[PDB]
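Remarks on the structure that follows.
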Amino acid sequence: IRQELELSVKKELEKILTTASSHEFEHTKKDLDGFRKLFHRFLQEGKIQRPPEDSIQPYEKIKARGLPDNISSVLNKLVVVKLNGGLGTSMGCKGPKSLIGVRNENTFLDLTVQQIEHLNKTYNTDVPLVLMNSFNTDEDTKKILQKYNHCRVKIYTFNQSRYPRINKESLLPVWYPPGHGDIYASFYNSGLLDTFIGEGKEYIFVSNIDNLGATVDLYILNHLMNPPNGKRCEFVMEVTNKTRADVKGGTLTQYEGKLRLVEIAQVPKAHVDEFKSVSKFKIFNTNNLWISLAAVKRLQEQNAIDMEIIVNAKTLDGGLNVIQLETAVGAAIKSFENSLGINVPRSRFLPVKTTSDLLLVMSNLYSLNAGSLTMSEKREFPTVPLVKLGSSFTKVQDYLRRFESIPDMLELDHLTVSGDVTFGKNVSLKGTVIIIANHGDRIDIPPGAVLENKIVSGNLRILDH
Amino acid sequence: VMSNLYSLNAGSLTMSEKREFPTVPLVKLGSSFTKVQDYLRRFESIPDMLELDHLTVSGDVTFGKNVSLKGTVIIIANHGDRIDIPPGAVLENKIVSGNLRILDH
Amino acid sequence: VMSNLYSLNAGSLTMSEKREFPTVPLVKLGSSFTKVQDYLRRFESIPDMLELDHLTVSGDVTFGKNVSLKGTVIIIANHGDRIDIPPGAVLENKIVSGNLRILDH
Amino acid sequence: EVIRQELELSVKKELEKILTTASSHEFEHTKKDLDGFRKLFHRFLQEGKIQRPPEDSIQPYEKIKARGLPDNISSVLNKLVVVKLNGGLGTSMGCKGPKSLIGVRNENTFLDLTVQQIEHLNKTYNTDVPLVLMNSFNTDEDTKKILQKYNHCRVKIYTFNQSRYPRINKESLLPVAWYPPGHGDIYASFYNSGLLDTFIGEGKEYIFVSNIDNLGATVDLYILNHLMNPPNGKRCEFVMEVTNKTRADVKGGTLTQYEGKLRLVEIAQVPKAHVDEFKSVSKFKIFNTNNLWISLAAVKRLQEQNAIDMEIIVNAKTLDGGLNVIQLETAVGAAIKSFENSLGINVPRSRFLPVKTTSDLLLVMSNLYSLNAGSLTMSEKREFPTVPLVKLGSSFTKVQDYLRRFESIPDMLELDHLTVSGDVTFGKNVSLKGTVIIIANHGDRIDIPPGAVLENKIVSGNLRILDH
Amino acid sequence: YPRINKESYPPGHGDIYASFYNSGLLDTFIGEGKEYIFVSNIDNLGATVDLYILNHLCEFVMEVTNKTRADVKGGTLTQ
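Protein chains in written order, with the working numbering: chain A, 1 to 465; chain B, 466 to 570; chain C, 571 to 675; chain D, 676 to 1143; chain E, 1144 to 1222.
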């Protein structure tokens, strides 16, 4: 009854494979039996660990001298991979998320190739750029790439797998992309892996296009491609402290020799409260990572890269309760040897997840400097101001319409607006600002208004002629 | 007559340039603006004019510092309610209706 | 200061456990809350705040017994308006706004 | 032991400084008063679970009525004294003077009725029962003026004054304006008014201590027949009508058996945690009516000993511009623990119908009850036995308001619920049936139109009516 | 102190060295052995006695704290 009601479900994928695309046939069974070799792993499935004050170094101690001298020439040994599998329908946009207007109006993609173009065109180098796109976002990114020829950046795409949706009640498949842990199998399988080690590289730098702080940092790179004394490095993990902001995720703790990614989903009912402070785990997953290429080829030839089957449930919308088997990228520091990440200023982690983060980023809070943006002084204190824009502000095209200009912020500390609220040009939000319209009513804030520490409420309408 | 629509020079005041069109701006103010001491209190700084064509205010209204008015600006707040206009607001050819009170910190 | 955000230990008081992040979470209370007499009219039953982040109340707002406030909590009643929070209600990151009259018997 | 003998005699020397300012003749009972305080205070300094009451000590009334009626003659009434407790102003209802003088029906006042009763007795029994009122400095001169009108009437009528104690200070623990120490001050002030010795020597033996709220409290021949000529011999002494608990009167007083005899227990002397078991879970179906039958003989015996044991009821109260002030009062019923051979009898709710709010008045002046020569009783053709429940909002609280909101007190035989809130008016001949909720929001009015039949409806809105 | 009009109340908290000597209780305290005076405010509920500050007990000490967005103006100690 354990593998006996699995052998009947392996016969069902043979009823599907038969419906192949004649040519598109060798890449389908590659997936399906990677999914089967995962379904097997699905049905089966300390504490002793104390993470060391040794491995997880501070950013400040590596930033202190510091800069490489020759030549470099250390850049020609790194490949920049960015994950581009996310649709942007939570912002309310058709197709890829990296296709969303982030500033002026450089999209999410543009702001990286702009970072890279700046790099090659100031260091004589040629750092390539690899996007990992799912089956939702590959159609639509390829089209939108013709506009980067004659940009000094070599761009390559590749596809994640396409696994079947499995029923929580039925356990019978009728399509989804296996998280981002799929990187390794589909990177090796693309052919790009053997290409880059093959042209002199040895290090990958995986990040998300969501994370706008996720820049190519040198002082970290100097710690890899030509390290400080000792062997290594096979796999670095950028890691931040915890804000109240993101309470849950899981942390990097030292489990019997090597360091592990440890999830909340993984831990027994008895210790769900022990994780997340008392902050003996001031440790958080950036999802910024460097990697040894040479190492990935050795370990994905052995299949020595075992990862935890992250199980997602969901019935949405008018279907039935279904499970997706997924794996994570950090879920594999336990499988790389001598593997040790670092603590990183939040400075380097500003993911743009909702329309509220757009306002934050695309305002005079950040200065843009050829792709990369950072918190331009003067700005009194280093704290990132809180923004809670309404439900009347989610869908991007709405958000854009509500703001006839993206207003002054450099001295705001908190803003929350809800209801049909709508702004003028050259508005100034200083301090704490609360603008609330209740169901029906409307507040249009007039052009040039300077709301300093103030509570705007009631219904005020402004027409033209 | 105390806007920047006139300038003062040794006792007499006359309608300075730049006021590009000879027009005298027509200004109706509400019954809530009649007592001078009330009128002073409601305008936390006399507002910018110069480009002003028509200005008509009735109802409990308040202006903040550095309000700039230009064109025709109609502000009406019905019986009972108040309209506070935010420091720095710049109104060109608008009707304001409804009601907000802005409250501190 | 008289919330469960502090602990009374030998007269002198101190931020208690397990306030995860040792940051004093600022609050901000309406015009109708400034008078110590009206401050105890409105509460008597100082709320739960071990997991408060930001609390802001304005208007005619009164509280029940044993209210939990958790995160960002905004309570706004406009002029001519009142909001009475039910005893024991838990507010976690919520915007409460309008008109709640909780009359008795 | 050290500071307490000193902060008692600080108040001893303190109330000496008050006395010296006493009018020449107000000295007598005013010297005796603050000596009663000295007593209460010295008791205030000093300060189970064994509680659970037997099935033989609280008797169901139905058993007793089926005994039943004293045959002779009876004229067993010339052994009885009716004390009504009058102390208590009607400001809670929003009125001048004594609650005892509010218009209850037709329109007789609260007193108008209990003399109306005590009259119907004597008249149909060729006897003479005395009615004795116990009022205080608040309620006194103002009721004595109005007694003029009960002449030509067949009831001898007596008053006396409850004592009058100084409000102590919460912080200070020091006197200061004055207050009546709660109804429990009946024994000390009865004895001392002399009426107690006056009566005992006229051959009376029992007081029937009730309330002038309680329209339900009526003199009952059957409970009488059990006190004079009491079965088997015994021959007690204290008998305290008691009723069944509704959720309505949850947090009230209950008898238990503490160490031999019965005892009262108010929610106040209850250990913090055990409050949850007390009064629900029930478990204690028994609740205090405050209708008491007591032996004169025994009061005399016990007062001259200082034996009547009542717990101290401590009252914070600070109204209006005044500071925070303890006000020590005693209960009537708490006396039981000190009397002999005590027993509670369990009574129809019918006998406990106290009128404490304007909502109550509505009910009791309806077509729901019937006024039958001084006593009133709920009546057929009201077919379902229960009493209807009525909330009238803060718009109806002051008596004058209430009377002016109703052009005519409406039809209510078939009403189960009624809850009205805020600005509402009723026309003449309204008829309410079942569950009628009428609710109007801050600053709206509802005029309910004359002739209206609201049968089982929620009514919201803003509607005023107008004229010629 | 006397209130003069600008055409033609206390003396603040500063007046304490002048009215500590005023009561004379100044020469009272030093004669019994006392060497230090911990002056705080009554508003400040954090204003407790620190035995780690008494271990560094100079002629005059002022407790200080970094500026926050919260407290816009105030005194700043420079040399």
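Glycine residues also receive a C-beta, built at the ideal position from the N, C-alpha and C atoms.
C-alpha of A449/A to C-alpha of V555/B: approximately 7 Å in a straight line. Residues of chain C with a Cβ closer than 8 Å to the Cβ of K947/D do not exist; the shortest Cβ-Cβ separation is about 16 Å.
Exposure of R401/A is indicated by the presence of fewer than 16 other C-beta atoms within 10 angstroms of its C-beta. Assignment of beta-bridge partners to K430/A by DSSP yields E452/A. Apart from the 5 residues on each side of it in sequence, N84/A sits with its Cβ closer than 7 Å to the Cβ of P96, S98, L131, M132, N133, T137, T141 and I209 in its chain, given in chain order. Look at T125/A here: in three-state DSSP terms it is coil, with no helix or strand label.
Contact annotation: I455/A and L568/B have beta-carbon atoms nearer than 7 Å. Within chain E, the residues placing a beta-carbon under 8 Å from that of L583/C are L1188, ordered along the chain. Here DSSP, grouped into helix, strand and coil, assigns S190/A to helix. Neighbours of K559/B in chain A, taken as residues at a C-beta separation under 9 Å, are given in chain order as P446, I462, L463, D464 and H465. Separation of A973/D and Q823/D (C-alpha to C-alpha, rounded to the nearest whole angstrom) is 33 Å. Listed in chain order, the beta strand (DSSP E) elements of length 3 or more contained wholly in the region 150-208 of chain A are 155-159 and 203-208. The contact set of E380/A on chain E, defined by CB atoms closer than 8 Å, consists of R1212 in chain order. When Cβ-Cβ separations below 7 Å define contact, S73/A makes no contact with chain C. Unbroken alpha helix (DSSP H) stretches of 4 residues or longer found wholly inside the region 341-422 of chain A: 355-361 and 396-402, given in chain order.
Three or more beta-carbon pairs separated by less than 8 Å link the region 952-972 of chain D to the region 907-917 of chain D, which places the two stretches in contact.
Per DSSP, the beta-bridge partners of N564/B are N459/A. At a cut-off of 7 Å, the C-beta of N574/C has no neighbouring C-beta in chain A.
Within the same chain, Cβ atoms closer than 6 Å to the Cβ of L415/A are found at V387, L429 and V433, the five residues on either side in sequence being excluded. Contact between the region 297-312 of chain A and the region 185-198 of chain A is present: 3 or more CB-CB pairs across the two stretches fall below 8 Å. Between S838/D and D708/D a beta carbon distance of about 5 Å is seen, short of the 8 Å cut, so the two are scored as contacting.
Where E816/D is concerned, the enclosing alpha helix (DSSP H) starts and stops at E816 to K819.
In this chain, the alpha helix (DSSP H) harbouring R36/A covers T28 to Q44. In the three-state scheme derived from DSSP, where H, G and I count as helix and E and B as strand, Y933/D is classed as strand. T240/A is not a Cβ neighbour of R165/A, given a cutoff of 7 Å.
Residue burial annotation: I1084/D is buried, with at least 16 other C-beta atoms found within 10 angstroms of its C-beta. With respect to the 7 Å criterion, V1105/D and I1121/D are not classified as neighbours on the basis of their beta carbons. Flagged as an interface residue toward chain C: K1066/D, by a C-beta distance shorter than 7 Å. Contact of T432/A with chain B by beta-carbon distance below 9 Å involves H570. Contact annotation: in the region 598-632 of chain C, no residue has its CB less than 9 Å from a CB in chain E. Judged by DSSP secondary structure, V686/D falls outside any beta strand (DSSP E) and instead within the alpha helix (DSSP H) spanning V677 to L694. Counting only residues of its own chain and dropping the five nearest sequence neighbours on each side, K958/D has a CB closer than 8 Å to the CB of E952. Counting of Cβ neighbours within 10 angstroms places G1097/D among the buried residues, the total reaching 16 or more. Distance from the CA atom of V352/A to the CA atom of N288/A, rounded to whole angstroms, is 15 Å. DSSP places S292/A within a strand segment (E or B) once states are collapsed to three. Spatial neighbours of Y833/D in its own chain (CB-CB distance under 8 Å, excluding positions within 5 residues in sequence) are listed in chain order as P805, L806, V807, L808 and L870.
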